[PDB]
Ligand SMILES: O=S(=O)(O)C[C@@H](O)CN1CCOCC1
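Next comes just one chain, in structure tokens: the form deposited without the ligand.
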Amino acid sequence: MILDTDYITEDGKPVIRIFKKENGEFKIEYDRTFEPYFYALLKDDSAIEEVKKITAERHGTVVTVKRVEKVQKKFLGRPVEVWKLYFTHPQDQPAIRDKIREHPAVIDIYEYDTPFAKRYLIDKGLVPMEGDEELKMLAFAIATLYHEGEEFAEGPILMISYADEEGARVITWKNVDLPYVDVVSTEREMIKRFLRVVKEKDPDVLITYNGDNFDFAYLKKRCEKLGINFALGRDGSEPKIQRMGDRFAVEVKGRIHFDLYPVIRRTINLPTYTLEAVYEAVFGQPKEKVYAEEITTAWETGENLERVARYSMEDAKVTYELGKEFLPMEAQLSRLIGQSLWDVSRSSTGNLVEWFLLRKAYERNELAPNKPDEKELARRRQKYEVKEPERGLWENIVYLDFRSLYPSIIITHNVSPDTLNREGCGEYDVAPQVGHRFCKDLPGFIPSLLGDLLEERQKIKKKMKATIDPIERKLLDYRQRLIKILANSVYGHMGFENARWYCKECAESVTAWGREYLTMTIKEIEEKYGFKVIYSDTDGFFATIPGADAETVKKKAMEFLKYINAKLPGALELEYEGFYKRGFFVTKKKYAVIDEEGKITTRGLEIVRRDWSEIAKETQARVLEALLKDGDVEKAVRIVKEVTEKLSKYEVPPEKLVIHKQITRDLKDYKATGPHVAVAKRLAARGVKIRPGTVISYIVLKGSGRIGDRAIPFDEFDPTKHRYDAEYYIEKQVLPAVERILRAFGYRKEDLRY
């Protein structure tokens, strides 16, 4: 199994290293014969000699074209003759590529900015993370001594914690009597102890959380201060800082630094991304947070240091658990993209798509088109630009959707930049409305690879059902799901402004075909099957037979699938997603349906909005049940009049009136002072410490004037000298919760209260 590749330099020449793990053994393969290159397209094939003589300067040396060779690659669908230019060293290219491009006889240059070690992976057809190899993993965290006004890492590192399958431990230079704590003399001997542990365990993977920006940079600054060779690399090197945009990232040679933060940040969407919040979201169990000022106070007074020891241990432990949870998916992703786990764990699929396409382009000898320049990226920028669902309560609803609508469209009509308006074909498909014509004589680049992807995904869903190993099944699943994402990302790439295979005509052709096939499918189910489509968005629809039992709907639906799938061209295929006993649809992307087993599902309808109070969420839930499990609209509206009256009589437990709002920043950085902010500023003066991330649990008291002036914290609430604002919780919590739901039923806000 290939972990990664880099290169070093021996006497000015590049030496590819290939870090590998085979049969549980770590190996470094050296390749001293791989040559950097890029392509050039010339006005006349005779001007090659003058191009060979183009020189530049890097450092105190002359940059020369080592050698050239004439090759034939596909470009815009047809074979072309281009000159493959070779050089001595990777770093030669950025110094001479502009001189070759500025040459008059050179029309353009291609594939000139490919990182040398990633180029090696593609040309040699190597795939990271492929094989059986069980990777050894170890996670680690640090706890430091902060003081406001100090430079970064000016204070020492207090504790270092690690965690693996053998447990979680902490190393520190103050005596803490706990069985998972090892005590050393100094911060120096602590960092040295950590280095020994890592060398001893020899992990393939080091897992951090924000290690790219905090942990390694702190360990670095302390190691330079204390003169420690922080030789975490398997080749004796120190961790290496790479800059990815304004972002910083850290690699450890021979291992994989898996920083969880960039992976979590694009897989789940949370208000803030603390380790504790992420562990909560992923595993449901809580994690206590000890703050910088608390850790500093504890270290200085020696009090409650065991609490900081447990927090350090927990940081490591949950980071190892998060690592075991999220690495296999990312490993499958890198195997699919054909790039390193280090790389794919730090980039969005919209950008990983180009690496996948670029590998496909090499596999099929297709000259990759260049990324756009500034003027071109300007012309590609275009401004952002469906019938409202049917009102009422609907019963016996089925949802039918298209299997990979946009990918199937690309494959069925051979949509691709290299097929758009290709002259001299005998068969074209014409896109509705936008009129673009795509050749059908030869398969296109994008459709051909999208076909292999969709076919692969189908094979893997079959092998999934024929696998008893739950580990193997889970990895197959990850692969199948990522394929679906990658195919859609390939469609999206065709519309991306910075995309190499950009093609606006291809993209708007695909949406045009999508609208045509969707409206067609709806017209067929209503006209020839008596269905009524209730709701539709892009690639699926809800529908039922008006006035029909459940079985008649389900059976007649499966018949429509046989009918429409036969009528549909090519890879266009409709499928059956689910049945729903009842459901109502408010507006686009806002609806509620109930599964026969009772499980209710909702689209953006607010149900966990923490912005809201328990009294409002409760009423919303009860209204949904009376609407979907009971079908009584009047029972729902009765519930609303019951709760609004119970609030007005001060008969609702104040505990259900607490509004939990998160403070996002420092109070000094708040321009508009809202109700939770006004409580936070009031608490800060009384002596409390508020900080970015604190939660304010407040209640609104009865009064005129600003809401913030009547808001007190709930632990400050006394039911005998405080009266809550019943009108506020009626008109601005419960009624706004249920108004949009019951406006689709013709009930106006004035019909829901007292």
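Rigid core here is just the name for the largest C-alpha set that superposes within 1.5 Å across the two forms. In case it trips you up, residue 1 is the first one in the sequence shown, and so on.
Student: None, 1 to 3, 4 to 9, or 10 or more: how many residues of the deposited sequence lack coordinates between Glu385 and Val386?
Tutor: In the record, 1 to 3 residues between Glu385 and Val386 lack coordinates.
Student: Mean CA B-factor: is it higher for 192-200 or for 546-554?
Tutor: The entry gives the higher C-alpha B-factor average to 546-554.
Student: Looking only at CA atoms, which has the higher mean B factor in the entry: 481-489 or 217-225?
Tutor: Result: 217-225.
Student: In this PDB entry, which of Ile28, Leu41, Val65, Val688 has the top CA B-factor?
Tutor: Out of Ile28, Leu41, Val65, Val688, the record gives the largest C-alpha B-factor to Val688.
Student: Which of these has the highest Cα B-factor in the record: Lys589, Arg335, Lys73, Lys118?
Tutor: The C-alpha B-factor peaks, among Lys589, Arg335, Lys73, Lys118, at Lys589.
Student: If you rank every modelled residue in this chain by C-alpha B factor, which third holds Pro432: lowest, middle or highest?
Tutor: For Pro432, whose C-alpha B-factor we compare with every modelled residue in the chain, the answer is the middle third.
Student: With respect to C-alpha B-factor, does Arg17 fall in the lowest, middle or highest third of the chain as deposited?
Tutor: According to the entry, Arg17 has a C-alpha B-factor in the chain's lowest third.
Student: Quick check on the deposited entry: does the C-alpha B-factor of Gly578 sit in the lowest, middle or highest third of its chain?
Tutor: Answer is highest: the recorded C-alpha B-factor places it there.
Student: Using only modelled residues of the chain, where does the Cα B factor of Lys721 rank: lowest third, middle third or highest third?
Tutor: Highest third - that is where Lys721 ends up once the chain's C-alpha B-factors are sorted.
Student: Using only modelled residues of the chain, where does the Cα B factor of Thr33 rank: lowest third, middle third or highest third?
Tutor: Its C-alpha B-factor belongs to the lowest third of this chain's values.
Another form exists, deposited with the ligand bound; not displayed. Remarks below refer to it.
Student: Just superimpose the C-alphas near the binding site, carry the ligand over as positioned in the deposited bound form, and say whether the shown chain is open or blocked by the 2.4 Å backbone or C-beta rule (3+ atoms for blocked).
Tutor: If you fit the ligand onto this chain using the C-alphas around its site, the pocket comes out open.
Student: How about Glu200: is it within 4.5 Å of the ligand in the deposited bound form, going by heavy atoms?
Tutor: No, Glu200 sits far enough from the ligand in the deposited bound form that none of its heavy atoms falls within 4.5 Å.
Student: Would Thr601 show up as a contact with the ligand in the deposited bound form if we use heavy atoms at 4.5 Å?
Tutor: Yes, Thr601 sits close enough to the ligand in the deposited bound form that at least one of its heavy atoms falls within 4.5 Å.
Student: Within a 4.5 Å heavy atom cut-off, is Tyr591 in contact with the ligand in the deposited bound form?
Tutor: Within the cut-off, so yes.
Student: Would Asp539 count as a contact of the ligand in the deposited bound form, using a 4.5 angstroms cut-off between non-hydrogen atoms?
Tutor: Although the ligand is absent here, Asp539 would touch it in the deposited bound form, with heavy atoms inside 4.5 Å.
Student: What is the one choice in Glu300, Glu577, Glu559, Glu472 with a heavy atom within 4.5 Å of the ligand in the deposited bound form?
Tutor: It is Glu577.
Student: From the list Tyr311, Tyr478, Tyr399, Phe230, which entry has a heavy atom within 4.5 Å of the ligand in the deposited bound form?
Tutor: Checking each option against the ligand in the deposited bound form, the one that comes within 4.5 Å is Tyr399.
Student: When the ligand is placed as it is in the deposited bound form, which of 520-528, 539-547, 375-383, 183-191 ends up with heavy atoms within 4.5 Å of it?
Tutor: This holds for exactly one stretch, 539-547.
Student: Give the option from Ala616, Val415, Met190, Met129 whose C-alpha shifts by 2 Å or more between the shown form and the other one; the alignment is on the rigid core.
Tutor: C-alpha shift of at least 2 Å: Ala616.
Student: Core aligned, does the CA of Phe152 move at least 2 Å between the shown form and the other one?
Tutor: No, shifts by less than 2 Å.
Student: Once everything's superposed on the core, is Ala744 shifted 2 Å or more at the Cα between the shown form and the other one?
Tutor: Yes.
Student: Quick one: once the rigid core is lined up, does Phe326 have its C-alpha move by 2 Å or more between the shown form and the other one?
Tutor: No, shifts by less than 2 Å.
Student: With a C-alpha distance change of 3 Å or more, do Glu293 and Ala672 lie closer or farther in the deposited bound form?
Tutor: Farther, not closer.
Student: Taking the cut-off of 3 Å or more as given, in which direction does the distance between the C-alpha atoms of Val278 and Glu614 change in the deposited bound form, closer or farther?
Tutor: They are closer; the C-alpha distance drops by 3 Å or more in the deposited bound form.
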